[PDB]
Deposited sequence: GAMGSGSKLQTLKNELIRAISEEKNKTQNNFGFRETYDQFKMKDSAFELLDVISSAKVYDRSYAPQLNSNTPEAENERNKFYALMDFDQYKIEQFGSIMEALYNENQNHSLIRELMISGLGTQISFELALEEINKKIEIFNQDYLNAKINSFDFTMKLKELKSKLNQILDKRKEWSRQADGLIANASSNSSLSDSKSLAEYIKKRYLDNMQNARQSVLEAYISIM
């Protein structure tokens, strides 16, 4: 079966992606939350009743789970997270950078949440469609188009989650050596000009991809 190949490919790819997002492997959050406890994580409440959405830096298990999505965004790579946290900490000095910091954390954490919801959405749709085909509600051509399109959305979200991640690498390569030694304004300006739009667009793209699967 060409069809069974396609479907199994997909189910495996979704699985591996799902294992990733988890596989801490004894990854441990540092005590200062990679320099973001008293900076970036202070500027937001948990993204995923809303009065009880804890501060993202708090000692609650829901804030920890959310911070763990940020670290998944950065592949549980502790020094990359630290290098990003330290630029956030440099920016936090001037309260006029705070809304940039918040915007940056929304683009990233937002990218990861939509990513993981989309993986789950794709999985659900494969299952529904397979039953529909098992129940002979749909033929193999319809099942194949659906799977192809699901597969294409998977590729869009992977590429875009990676797009964000490389934005973050660029900024780290430039600024994690010296951010707290730099003019804060120039550092903010650099980020806005080089990185912010690419980050926000990675986020929108992944978001719209997830929306288009439901």
* To do: Could you please spell out the deposited residue ranges that have no C-alpha entry in the coordinates?
  => 1-6, 55-59
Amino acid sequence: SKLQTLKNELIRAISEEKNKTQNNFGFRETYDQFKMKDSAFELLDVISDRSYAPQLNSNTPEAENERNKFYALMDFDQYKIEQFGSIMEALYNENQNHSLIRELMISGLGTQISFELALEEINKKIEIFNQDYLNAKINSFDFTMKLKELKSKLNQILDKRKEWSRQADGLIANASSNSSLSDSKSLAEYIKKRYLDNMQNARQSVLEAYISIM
From here on, numbers count along this sequence of modelled residues.
* Structure fact -> The stretch carrying the higher mean Cα B factor in the deposited entry, 198-206 or 8-16, is 8-16
* To do: Can you let me know which of the two, 108-116 or 136-144, has the higher average C-alpha B-factor in the entry?
  => 136-144
* Structure fact -> Highest CA B factor of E189, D38, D169, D183, as deposited, is found at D183
* **Member of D159, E29, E66, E42 with the greatest C-alpha B factor (per the PDB record)** => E29
* Taking the chain's C-alpha temperature factors as the reference, tell me which third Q131 falls into: lowest, middle or highest. => highest
* Structure fact -> For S176, the third of its chain by CA B-factor is the lowest
* Would you mind checking where the Cα B-factor of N57 ranks among the modelled residues of its chain, as the lowest, middle or highest third? => middle
